[PDB]
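*Asks:* Got a structure here, written out as structure tokens. Questions coming.
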Amino acid sequence: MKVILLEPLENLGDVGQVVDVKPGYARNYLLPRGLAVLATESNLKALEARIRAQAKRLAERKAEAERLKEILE
RNA sequence: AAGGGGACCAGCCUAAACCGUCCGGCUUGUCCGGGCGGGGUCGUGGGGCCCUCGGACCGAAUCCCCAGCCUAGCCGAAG
Ligand SMILES: [Mg+2]
Ligand SMILES: [Mg+2]
Ligand SMILES: [Mg+2]
Ligand SMILES: [Mg+2]
Ligand SMILES: [Mg+2]
Ligand SMILES: [Mg+2]
Ligand SMILES: [Mg+2]
Ligand SMILES: [Mg+2]
Ligand SMILES: [Mg+2]
Ligand SMILES: [Mg+2]
Ligand SMILES: [Mg+2]
């Protein structure tokens, strides 16, 4: 089963990285502890939504710093 | 079993594309989920979004009234 890696763990990957593991391991170990959530059609919209929200903040921050860069010097 | 001949007819509501409304989750959102309204119900596919042109008659399976009907009866010829 596909899941999203909530907390960065060892020998698995990056925080937020999608990883497919044996479902029983996640049903007995990962999900009850709140360390993982399986990848649905909705949390893809929510993961694209938070990544694109960090991008909506980033594109504002760096562009404002570049406009102020055009103001200074 | 198909079919033919008869009895009888009546076709519809939703899930979901779409919008709106509130809700509450914290993970702060063009986020998700859960409610309600609207929008929708197709097979020579059909609808949703975008735009173009065009813009009364049907009709309940629900309701009301009216004919009609059963739960008593009545008249009813002449030794
Ligand atoms: Mg590994
Ligand atoms: Mg705890
Ligand atoms: Mg810098
Ligand atoms: Mg300087
Ligand atoms: Mg057969
Ligand atoms: Mg037949
Ligand atoms: Mg009805
Ligand atoms: Mg009559
Ligand atoms: Mg009669
Ligand atoms: Mg009577
Ligand atoms: Mg007489």
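Here's how to read the names in the structure tokens: chain A, B, ... by the order shown, residue numbers from 1 in each chain, ligand numbers from 1 in the order shown.
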List all protein, DNA and RNA residues that have at least one atom no more than 12 Å from any atom of ligand 4, counting only C-alpha atoms (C1' of nucleotides) and all ligand atoms, and write them as a PyMOL selection string.
*Replies:* chain A and resi 69+72-73
*Asks:* Would you save the residues from that selection as a PDB file, in the first residue's frame, using N, CA and C atoms?
*Replies:*
ATOM      1  N   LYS A  69      14.934  44.194  -3.770  1.00  0.00           N
ATOM      2  CA  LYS A  69      16.264  44.209  -4.370  1.00  0.00           C
ATOM      3  C   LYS A  69      16.341  45.229  -5.498  1.00  0.00           C
ATOM      4  N   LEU A  72      16.624  48.667  -3.689  1.00  0.00           N
ATOM      5  CA  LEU A  72      17.904  49.002  -3.083  1.00  0.00           C
ATOM      6  C   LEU A  72      19.014  49.015  -4.130  1.00  0.00           C
ATOM      7  N   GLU A  73      20.240  49.240  -3.657  1.00  0.00           N
ATOM      8  CA  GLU A  73      21.432  49.324  -4.500  1.00  0.00           C
ATOM      9  C   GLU A  73      21.271  50.357  -5.612  1.00  0.00           C
TER      10      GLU A  73
END
*Asks:* Write out as a list in words which residues come within 12 Å of residue 24 (chain B) when counting only C-alpha atoms (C1' of nucleotides), dropping same-chain ones fewer than 4 positions away.
*Replies:*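 Near neighbours after the sequence-gap exclusion: residues 32, 33, 34 and 35 of chain B.
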*Asks:* Let me see the file: selected residues, N, CA, C and O atoms (P, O5', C5', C4', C3', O3' and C1' of nucleotides), as a PDB file, in the first residue's frame.
*Replies:*
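Written file, part-v1.pdb:
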ATOM      1  P     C B  32      -9.435  19.707  -1.265  1.00  0.00           P
ATOM      2  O5'   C B  32      -9.784  18.683  -0.094  1.00  0.00           O
ATOM      3  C5'   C B  32      -8.911  17.608   0.220  1.00  0.00           C
ATOM      4  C4'   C B  32      -9.252  16.991   1.554  1.00  0.00           C
ATOM      5  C3'   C B  32     -10.677  16.492   1.708  1.00  0.00           C
ATOM      6  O3'   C B  32     -10.873  15.212   1.128  1.00  0.00           O
ATOM      7  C1'   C B  32     -10.066  17.744   3.621  1.00  0.00           C
ATOM      8  P     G B  33     -12.299  14.811   0.505  1.00  0.00           P
ATOM      9  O5'   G B  33     -13.183  14.451   1.779  1.00  0.00           O
ATOM     10  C5'   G B  33     -12.740  13.493   2.728  1.00  0.00           C
ATOM     11  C4'   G B  33     -13.440  13.677   4.049  1.00  0.00           C
ATOM     12  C3'   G B  33     -14.954  13.771   3.979  1.00  0.00           C
ATOM     13  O3'   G B  33     -15.570  12.497   3.904  1.00  0.00           O
ATOM     14  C1'   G B  33     -14.111  15.502   5.358  1.00  0.00           C
ATOM     15  P     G B  34     -16.962  12.307   3.125  1.00  0.00           P
ATOM     16  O5'   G B  34     -18.052  12.792   4.178  1.00  0.00           O
ATOM     17  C5'   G B  34     -18.081  12.251   5.489  1.00  0.00           C
ATOM     18  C4'   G B  34     -18.870  13.125   6.427  1.00  0.00           C
ATOM     19  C3'   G B  34     -20.222  13.580   5.911  1.00  0.00           C
ATOM     20  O3'   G B  34     -21.219  12.587   6.065  1.00  0.00           O
ATOM     21  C1'   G B  34     -19.068  15.424   6.837  1.00  0.00           C
ATOM     22  P     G B  35     -22.457  12.528   5.047  1.00  0.00           P
ATOM     23  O5'   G B  35     -23.610  13.299   5.824  1.00  0.00           O
ATOM     24  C5'   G B  35     -24.501  14.153   5.131  1.00  0.00           C
ATOM     25  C4'   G B  35     -24.974  15.286   6.006  1.00  0.00           C
ATOM     26  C3'   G B  35     -25.923  16.266   5.340  1.00  0.00           C
ATOM     27  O3'   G B  35     -27.257  15.797   5.321  1.00  0.00           O
ATOM     28  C1'   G B  35     -24.230  17.463   6.465  1.00  0.00           C
TER      29        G B  35
END
*Asks:* Could you work out which residues of chain B fall inside 9 Å of chain A? Count only C-alpha atoms (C1' of nucleotides), and format the result as a ChimeraX atom specification.
*Replies:* /B:27,29-32
*Asks:* Write the residues of the preceding selection, restricted to C-alpha atoms (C1' of nucleotides), as a PDB file, in the first residue's frame.
*Replies:*
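Final file, again_10.pdb:
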ATOM      1  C1'   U B  27      -2.412  20.625   9.131  1.00  0.00           C
ATOM      2  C1'   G B  29      -6.084  26.144   3.823  1.00  0.00           C
ATOM      3  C1'   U B  30      -8.017  28.088  -3.428  1.00  0.00           C
ATOM      4  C1'   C B  31      -7.247  21.897   2.385  1.00  0.00           C
ATOM      5  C1'   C B  32     -10.066  17.744   3.621  1.00  0.00           C
TER       6        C B  32
END
*Asks:* 9 Å from ligand 6 is the threshold here; counting only C-alpha atoms (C1' of nucleotides) and all ligand atoms, which polymer residues fall inside it? Answer as a VMD selection string.
*Replies:* chain B and resid 2 to 4
*Asks:* Could you write those residues out with C-alpha atoms (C1' of nucleotides), as a PDB file, in the first residue's frame?
*Replies:*
ATOM      1  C1'   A B   2     -36.499 -17.978 -28.727  1.00  0.00           C
ATOM      2  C1'   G B   3     -40.779 -16.810 -31.345  1.00  0.00           C
ATOM      3  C1'   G B   4     -46.132 -16.248 -32.542  1.00  0.00           C
TER       4        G B   4
END
*Asks:* For residue 5 (chain A), work out the shell of residues within 12 Å, counting only C-alpha atoms (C1' of nucleotides) and skipping chain neighbours fewer than 6 positions away, then give it as a count of residues only.
*Replies:* 21
*Asks:* Set the cut-off to 8 Å, count only C-alpha atoms (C1' of nucleotides) and all ligand atoms, and list whatever residues fall near ligand 7 as a PDB file with N, CA, C and O atoms (P, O5', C5', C4', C3', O3' and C1' of nucleotides), in the first residue's frame.
*Replies:*
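The result, stored in selection06.pdb:
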ATOM      1  P     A B  60     -52.063  13.280 -14.984  1.00  0.00           P
ATOM      2  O5'   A B  60     -52.043  13.636 -13.432  1.00  0.00           O
ATOM      3  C5'   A B  60     -52.012  12.612 -12.450  1.00  0.00           C
ATOM      4  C4'   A B  60     -50.630  12.025 -12.301  1.00  0.00           C
ATOM      5  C3'   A B  60     -50.466  10.991 -11.198  1.00  0.00           C
ATOM      6  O3'   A B  60     -50.878   9.701 -11.620  1.00  0.00           O
ATOM      7  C1'   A B  60     -48.642  12.531 -11.178  1.00  0.00           C
ATOM      8  P     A B  61     -51.666   8.722 -10.620  1.00  0.00           P
ATOM      9  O5'   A B  61     -50.538   7.728 -10.095  1.00  0.00           O
ATOM     10  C5'   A B  61     -50.845   6.706  -9.151  1.00  0.00           C
ATOM     11  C4'   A B  61     -49.745   6.539  -8.131  1.00  0.00           C
ATOM     12  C3'   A B  61     -49.343   7.812  -7.388  1.00  0.00           C
ATOM     13  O3'   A B  61     -48.973   7.478  -6.052  1.00  0.00           O
ATOM     14  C1'   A B  61     -47.470   6.941  -8.533  1.00  0.00           C
ATOM     15  P     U B  62     -50.100   7.331  -4.917  1.00  0.00           P
ATOM     16  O5'   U B  62     -50.087   8.742  -4.179  1.00  0.00           O
ATOM     17  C5'   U B  62     -49.069   9.074  -3.247  1.00  0.00           C
ATOM     18  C4'   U B  62     -49.141  10.530  -2.868  1.00  0.00           C
ATOM     19  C3'   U B  62     -50.540  11.062  -2.600  1.00  0.00           C
ATOM     20  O3'   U B  62     -50.990  10.783  -1.287  1.00  0.00           O
ATOM     21  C1'   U B  62     -49.414  12.531  -4.064  1.00  0.00           C
TER      22        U B  62
END
